[PDB]
């Protein structure tokens, strides 16, 4: 049973790396935050090894990192994964970064002759905890096929999008752009409904079998709005960061997406008003403030 490396043991990485240990893998963990390392260790993971030592020793190494800088700091340079990867290693980045960085990563992997997949994930911490993540994978199909079963203990839907390394990332950004639209629509629509004294429960039962339906509507309303609980979940701040990546790509693709750009501002304002660390469904509360 394989040796897996896991770099980034935060909100997503901790439950993912824990699940691998529970699944019977020997898991070596690295995180800048020694407390995160402590938590992973208590789950049965092994700490104390360098990023470089993970690259030399592990069959597959996953990364779950919070920014493009962090991904760059881990993959590149004399101490990083690509320079130190043994000849059979597979690296799988689950971080969300720009398509361009996906390409820069792949180009360094091809130069070192190591395997690399850009496999961003969807489903949040709840999905990570429950092994129901969606993996959207760009990169070599042979590498996908040989690591599909490991990713399959972490997620419920494992997809290969195409051989293009940024194909996963792109579908993910699209997914999250749609989420931004759906959350905004629910937030504004329900505010109108409430101001006019609608029973939001009866309304949902009707709209949920109409063209008003969306999984996000069901999520936001049933799991947050109805129970008056805005504990993340998936933050206003994280959604706005993803919308940022999507608008960046739109701008690089010479596209003006007027409602998308407005939404970036909507979530940015929700944050600046103090809902940044609330669940995205709290956009409802932000829009309702005026009542």
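Positions refer to the first chain, counted from 1.
Here the stretch with the larger average CA B-factor, out of 18-26 and 263-271, is 263-271. In this entry, the higher average B-factor at the C-alpha atoms falls on 100-108, of the pair 100-108 and 212-220.
Within the group 152, 77, 185, 168, the record's highest C-alpha temperature factor is found at 77. Take 147, 88, 175, 191 and read off each C-alpha B-factor from the entry; 88 has the highest.
Looking at the C-alpha B-factors along this chain, the one for residue 236 belongs to the middle third. Residue 242 sits in the middle third of its chain by CA B factor, as recorded in the PDB entry. In the PDB entry, residue 49 places in the highest third of its chain by CA B-factor. For residue 181, the recorded CA B-factor ranks within the lowest third of the chain. Only modelled residues enter the ranking. Annotation for residue 43: CA B-factor lies in the lowest third of the chain's modelled residues.
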